[PDB]
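Chains as they are written, first to last, in the deposited numbering: chain A, 15 to 59, 69 to 89; chain D, 19 to 196; chain B, 12 to 23, 29 to 101, 110 to 137; chain C, 1 to 97, 143 to 411, 415 to 484, 487 to 503, 510 to 778.
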DNA sequence: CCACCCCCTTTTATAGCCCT
DNA sequence: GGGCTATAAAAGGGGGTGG
């Protein structure tokens, strides 16, 4: 959803103004990058998700909590 | 002739001619929201009647959400009393009704394919882009939204008697395009 | 974000109930990470409003080369969908045409009832 | 411990106030059991106190006072008045243009004290709500000691004089954090010994800024019993009236309303009648001044409302605010005068809310000739044409505009006229020659009420010549609609005028029986059906009307499905039993279909004992709709329990048991468990027991016969074994 | 260097289709 | 119960091209 990405970004006071073209482009880019990274973790196999975060230097930014 | 259209929204403009402190008003009132990056005005709301006014700097106010005409002026005068209660010199210089949104229900269904044909240069109808055509009446300056079901909406009139005159002109046009 | 939107995409062997709530928490965290870096990108160019071009530079700095290619192609497809969404007569001469259309329709209306 | 987790999760994730309310109520009840985890409770409760949601703050404070049974507070209070230029608002002001990790039990009380002067208003309002709860259960103390800040007074005093945060959400404005601070100051006053607090707050009323006076008035609005210098406080309270700030006159008049005024009463009226005569478009202070005026005329009955100043109370009847309309009718209730009598009849015809007009209707039923003639002309007028400006004293944009009457509709306009018409019937009425379409429908009833203390149907075309409504609509489509007669037509006036025509024909024919049957079928308005039936019953009492052929068709009216006749039986109720037609029902099969719609009217009277055979016949055909009507009577409920306990009918019980009294529910606990263990209707017997278990703790009704009352006492004591 | 647009937000009725 | 698309009207700050 487009408005779901817009309501979350405008919620924080530090962000403030967010364009219509920026919210729409990120809505498809974030969902596609997450489904491709989660799909690779399924190909390797709960414990396999933590293994995928250590295997990729790029996916090392995530899995910081819970 | 027929039934009378019932209005739901009234937009108004009030001039206060005074440099208003957006931060002070937003920090003093609980019912007022503000975000400088998102918007350049303080958004204040009233419970009785349910109205929302956009308070900009240099004493420029836009009252929206009122159902009736008197209610829009009665709300504007209440918003002016709030600003004056904060220490600012409030003045009710002018009041202008800018938009009157009305909704009218007609029992018979409309075939928009026919009306868009006769008013080819007045209407722009798309099937899946938006349900309904964009009717544009030159004088009175009123933009009407006609739907297949029957319920229509009139918006753009600055005077109340304009929507009543526009309905009496659009009703016989809706009959032939059944 | 809604969890069902991420759950349907992840399902398309059964995935775990505890992992279904964890993947959604990771999905919401990825959005806050891309937006925070973009907020720094808008501030670096002194622009108050978050631009689509500023958001694209934030994706490259994070470490997503494959995601940047999909963003540039989807934006062009979105621009073509937004762009796709002469009578000659003056304001007074076009008024006479419409007022005739109101008068003609009233006469047909009278003939009916 | 697992249950505590289930509580605060709901208290933070839930979207409804109702769910959070029961969750908070469940925790504050079993708080005696979960006492072991008091640091965890206080840990999660702190978030509720510091929540941006106004609801969560009062729920959070509620759990704290439920923990105050364990703690013991201190009596060291430092009363110091210090003036600082630092103003407290909603935020730091950094958003536009240091909470500690609470794990120790003493961490909570050390942080909430610091929060009393935090930059965020919701953190302060939360902290003052927490403190007010601590001193609410101070009497019921414990052993563990907690030393509250002795600087608490200086914190409250500072908040009242420095905080400049208000809420203009509604016409009556309030300071959220300053109100919670003023209320705390009231709750800690008995704990403080000899002080100057009560006098100091009177000094706030003379402060230049209205926000300081507002804090002064609200504090005294809590310490109104602790004041000993009543003569000194009232002196300023009278002067506080006629203030530029609308909220200052509102609070002052409301506080002066509690204090008795006998010495300077005339000085009060001078300021009260001045605010009304000021003629200000929007005023909140007007409703409070009228409440203060009522006190002067009630305590001192010698005085009366001036004639010249009576002209100022007239536009109050058409005020948009209901709180103003409520006070006016509560002020002129004792006094009776022709001048106000006209305006009271104008509220009945125009004003939307029925709550405020019922207050007016009762005054009329408690009468001069001039008003009877004046209002009979407005009722006689057409419903499609709105009310006239110069004819009415009070004016409103609704009921007077062509577009305005379309919003209320034909049914509402007639209802307002019919309600006023019932008040005219009570006192004597003089017949007048002045007549107007719907003028003959009211004048024919007016002449009939006159006759109580008939002209036949004339040519159908004669009404088209005299009336205005029939004249505009075509007779070619009107006759075709009459010849159908039900089938609707494309024309917009054929259907509404057919209802107006049927109304006029049945009313002129009154007392009539053949024209009255079709009236109850097509009449869109329900209030007129109550007025028409109010006539019939008055004639049956004086034995002027003879209705049997109409009564026979009226019974078959509800039995068929025509709900219109229901309006007649609501008026003519208990009288139907005493009538000879009641014997005829004891043979008709439609009685089950009839009483399925008219049971609520005969169940309210004690004469339900005579209709006892219908309950027996309702137990036979097992039609819950009729049985649920008798459950309202304990005698018919007791007779049912004796039948249900002997012969169990699970599929019927779940639909009748909960409609009856919840005092007989513990009698069914033992036989229902027998069915579930024995797999006898397990699905249904478990569903019906699921209704009984929550209503088990219900208080036993002492009105029950010793036959069943002793059984309930014997069964509840058995289940009490645990 | 400001003018002309364009974007952004507030409210409101209207409506199938789709999703939570 | 919200998102999708669309209309009118005021306002004013922030942007990209033009005379």
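Positions of the beta carbon are idealized from the N, C-alpha and C atoms, including for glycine.
Nearest-angstrom Cα distance between residue i and residue j?
i: residue 764 (chain C); j: residue 493 (chain C); result: 58 angstroms
i: residue 359 (chain C); j: residue 42 (chain D); result: 41 angstroms
i: residue 183 (chain C); j: residue 70 (chain C); result: 10 angstroms
i: residue 88 (chain B); j: residue 157 (chain C); result: 52 angstroms
i: residue 131 (chain D); j: residue 553 (chain C); result: 36 angstroms
i: residue 84 (chain A); j: residue 30 (chain B); result: 27 angstroms
i: residue 161 (chain C); j: residue 227 (chain C); result: 13 angstroms
i: residue 608 (chain C); j: residue 585 (chain C); result: 18 angstroms
i: residue 242 (chain C); j: residue 261 (chain C); result: 11 angstroms
i: residue 168 (chain D); j: residue 135 (chain D); result: 19 angstroms
i: residue 335 (chain C); j: residue 28 (chain D); result: 33 angstroms
i: residue 86 (chain D); j: residue 26 (chain D); result: 7 angstroms
i: residue 146 (chain D); j: residue 165 (chain D); result: 13 angstroms
i: residue 718 (chain C); j: residue 51 (chain C); result: 40 angstroms
i: residue 52 (chain B); j: residue 40 (chain C); result: 33 angstroms
i: residue 479 (chain C); j: residue 343 (chain C); result: 39 angstroms
i: residue 160 (chain D); j: residue 33 (chain B); result: 56 angstroms
Residues of chain A with a CB under 7 angstroms from the CB of residue i: which are they?
i: residue 42 (chain B); result: 85
i: residue 61 (chain B); result: Those do not exist, as residue 61 (chain B) stays about 13 angstroms from chain A at its closest Cβ, beyond 7 angstroms.
I want to verify the contact list: residues of chain A whose CB lies under 8 angstroms from the CB of residue i, in sequence order.
i: residue 56 (chain D); result: 24, 30, 31
Does any C-beta atom of chain B lie closer than 8 angstroms to the C-beta of residue i?
i: residue 48 (chain A); result: yes
i: residue 117 (chain D); result: no
i: residue 73 (chain A); result: no
Taking CB distances under 8 angstroms as the criterion, tell me whether residue i reaches chain D.
i: residue 352 (chain C); result: no
i: residue 96 (chain B); result: no
i: residue 290 (chain C); result: yes
i: residue 212 (chain C); result: yes
i: residue 59 (chain C); result: no
On a Cα-Cα basis, can you pick out the residue from the options that is closest to residue i?
i: residue 370 (chain C); options: C:5, C:487, C:350, C:404; result: C:404
i: residue 102 (chain D); options: D:38, D:188, D:173; result: D:38
i: residue 435 (chain C); options: C:462, C:47, C:306; result: C:462
i: residue 150 (chain C); options: C:671, C:339, C:143, C:43; result: C:43
i: residue 110 (chain D); options: D:94, D:190, D:67, D:142; result: D:94
Can you pull the chain D residues whose beta carbon is under 8 angstroms from the beta carbon of residue i, in chain order?
i: residue 101 (chain B); result: 147
Output, in chain order, the set of chain B residues within a Cβ distance shorter than 8 angstroms of residue i.
i: residue 81 (chain A); result: 79, 80
i: residue 140 (chain D); result: 122
i: residue 161 (chain D); result: Neighbours of residue 161 (chain D) on chain B: none; closest Cβ ~13 angstroms, over 8 angstroms.
i: residue 156 (chain D); result: 115, 118, 119, 122
Can you list the residues of chain B that residue i reaches, using a CB-CB cut of under 9 angstroms?
i: residue 19 (chain A); result: 12, 47, 51
i: residue 69 (chain A); result: 32, 34, 35, 38
Residue i touches chain D at which residues, Cβ-Cβ below 7 angstroms?
i: residue 171 (chain C); result: In chain order: nothing, as chain D lies at least about 14 angstroms away.
Could you work out which residues of chain C lie near residue i, taking near to mean beta carbons separated by less than 7 angstroms?
i: residue 194 (chain D); result: What residue 194 (chain D) touches in chain C: nothing, since even the nearest Cβ is about 15 angstroms away.
i: residue 129 (chain D); result: Neighbours of residue 129 (chain D) on chain C: none; closest Cβ ~18 angstroms, over 7 angstroms.
Is residue i close to chain C, meaning its C-beta is less than 8 angstroms from at least one C-beta of that chain?
i: residue 86 (chain D); result: yes
i: residue 79 (chain D); result: no
i: residue 114 (chain D); result: no
i: residue 24 (chain D); result: yes
Quick check: is the beta carbon of residue i nearer than 8 angstroms to any beta carbon in chain A?
i: residue 90 (chain B); result: yes
i: residue 19 (chain B); result: no
The stretch 537-549 of chain C: positions lying closer than 7 angstroms to chain D by Cβ: 548
May I ask you to list, following chain order, the residues of the stretch 27-41 of chain D that have a beta carbon less than 8 angstroms from some beta carbon of chain C? 40, 41
To be precise: take each residue of the stretch 44-59 of chain B, compare its Cβ to all Cβ atoms of chain A, and keep it if any distance is under 9 angstroms. Which residues remain? 44, 45, 46, 47, 48, 49, 50, 51, 52, 54, 55, 58
Check distances from the C-beta atoms of the stretch 44-76 of chain D to those of chain A and list, in chain order, the residues that come in under 8 angstroms. 53, 54, 55, 56
Taking only beta carbons into account, state which residues of the stretch 442-462 of chain C come closer than 8 angstroms to chain D, listed in chain order. 445, 450, 451, 454, 455
At a Cβ cut of 9 angstroms, what residues of the stretch 169-189 of chain D count as close to chain C, listed as they run along the chain? 178, 182
Contact set between the stretch 345-379 of chain C and chain D, restricted to residues whose Cβ is under 9 angstroms from the partner: 365, 366
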